[PDB]
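1. before I ask anything, here's the sequence and the deposited coordinates:
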Amino acid sequence: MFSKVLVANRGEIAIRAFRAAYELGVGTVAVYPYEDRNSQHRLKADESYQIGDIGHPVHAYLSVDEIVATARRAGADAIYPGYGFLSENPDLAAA
Amino acid sequence: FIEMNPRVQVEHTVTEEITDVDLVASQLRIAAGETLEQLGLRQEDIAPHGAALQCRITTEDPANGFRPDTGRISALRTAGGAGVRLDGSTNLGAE
Amino acid sequence: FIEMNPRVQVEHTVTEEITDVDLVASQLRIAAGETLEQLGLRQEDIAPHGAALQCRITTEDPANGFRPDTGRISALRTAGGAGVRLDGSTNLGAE
């Protein structure tokens, strides 16, 4: 199966994805903005990274290139959208 | 035939309680190149049994409009028992 | 036929997960003078489906013997998700 997976989402869906991945023996990677450093999903993953600038926390999650670069740097093999954010944006699939 | 949502919603757990089939793990295994034959998901042993329902708890005030309210949580007591499932959990002192 | 326990144990939940029949409420209704006819507990629709298991978490130290350890709880993080049931819950700062 996949060696590592990156979840580009926030909240309980990220924790559900992490639990499902751990049940399958797959590593997990998380991304968070500065304003959301106190979320639980940050400490539920094996590795966490900070994305975006010092403002616009919502726009940080809507950045295909940054997420792709972070996944490439972390050696991930898959990206899980979840629901909401870039879950139905074709640019993510194209990238 | 209003439309077709090409993703997973927040209500899938409801069907997970009647068909006892994992959705996210099956999705991840399908993305890895598995068919619905080694997974055992074939259509002669899928039968619902029981009923189920789901509700969501928000910070909206039903008194002043329905706008969200922000603050620090000063007391949290959860629940559980027979036939109860909880998704998402905050902590004491959260903002 | 080692013996017969005339009470309810701490493991009944396990059968409650396969036969989805309430035990304590049925016991209370039986004590009120009800038969197993209005309750619907007749033996042609009782069939187990799935598997289940139960474990108990104690303060016993597997390092020094197995004696209990007393103290104040300084951190509690629970769990949950699909197919998880929790019975009994302490709180932060408990003794």
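-> The structure has been received and is ready for your questions. Numbers count the residues shown, from 1 in each chain, chains lettered A, B, ... in the order given.
2. show me what contacts the residue nearest the centre of chain B?
-> With distances taken as C-alpha atoms, centre = their mean, residue B:13 lies nearest the centre of chain B, 3.8 Å away. Neighbouring residues of residue B:13 by C-beta atoms under 8 Å, 6 or more residues apart in numbering or on different chains: B:54, B:85, B:87, C:82. For the C-beta atoms, the positions are set from N, CA and C on the backbone; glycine is no exception.
3. I'd assumed residue A:71 was in a helix, is it?
-> Yes: secondary structure of residue A:71 (DSSP: H, G, I helix; E, B strand; the rest coil): part of a helix.
4. surely it touches residue A:5?
-> No: using C-beta atoms under 8 Å, residue A:71 is not in contact with residue A:5, being 9.1 Å away.
5. who touches both of the two?
-> What both residue A:71 and residue A:5 touch, as defined by C-beta under 8 Å, 6+ apart, is the set A:29, A:79.
6. over to residue 62: give its phi and psi.
-> Since no chain was named, I'll use chain A. Dihedral angles phi and psi of residue A:62 (degrees, to the nearest 10) take the values phi -100, psi 60.
7. contacts only, for it.
-> Applying C-beta under 8 Å, 6+ apart, the residues near residue A:62 are A:85, A:86.
8. for it, give its distance to residue A:70.
-> Taking C-beta to C-beta, to the nearest Å as the measure, residue A:62 falls 14 Å from residue A:70.
9. Provide the secondary structure category for residue B:87.
-> coil.
10. please disregard the earlier target; I meant residue A:66.
-> Per three-state DSSP, the local secondary structure of residue A:66 is helix.
11. these two touch, right, it and residue A:52?
-> Yes: using C-beta under 8 Å, residue A:66 is in contact with residue A:52, at 7.2 Å.
12. which neighbours do the two have in common?
-> Here residue A:66 and residue A:52 have residue A:60 as joint contacts, going by C-beta under 8 Å, 6+ apart.
13. those two: which is more packed in?
-> A count of neighbours by other C-beta atoms under 10 Å in any protein chain shown puts residue A:52 above the other of residue A:66 and residue A:52, at 20 against 15.
14. what's near enough to touch that one?
-> By C-beta under 8 Å, 6+ apart, the neighbours of residue A:52 are A:33, A:34, A:59, A:60, A:61, A:63, A:66.
15. ok, how many other residues are close to the closest residue to the fifth one other than its chain neighbours?
-> Which is residue A:61. In space, and not counting its chain neighbours, residue A:61 is closest to residue A:85: 5.0 Å by C-beta to C-beta, 6 or more residues apart in numbering or on different chains. Using other C-beta under 10 Å, the number of residues around residue A:85 comes to 15.
16. relative to residue A:14, how far out is residue A:85?
-> Taking C-beta to C-beta, one finds residue A:85 at 11 Å from residue A:14.
17. what about the helix or strand containing residue B:28 and chain C, touching?
-> Counting by DSSP states H and E, the element that carries residue B:28 is helix B:24-31. No: under the criterion of C-beta under 8 Å from any C-beta of the partner chain, chain C is not reached by helix B:24-31; the shortest gap measures 8.8 Å.
18. residues contacting whichever residue of chain B sits closest to chain A?
-> Nearest to chain A, among the residues of chain B, is residue B:88, at 3.5 Å (C-beta to the nearest C-beta). For residue B:88, the contacting residues are A:11, A:12, A:15, by C-beta under 8 Å, 6+ apart.
19. what separates the first one from chain B, distance-wise?
-> With distances taken as C-beta to the nearest C-beta, to the nearest Å, residue A:11 is found 7 Å from chain B.
20. the top helix by length along chain A close to chain C?
-> Counting residues, the longest helix found in chain A (DSSP state H) is helix A:12-23. Yes: shown here: helix A:12-23 in contact with chain C (C-beta under 8 Å from any C-beta) through A:16, A:19.
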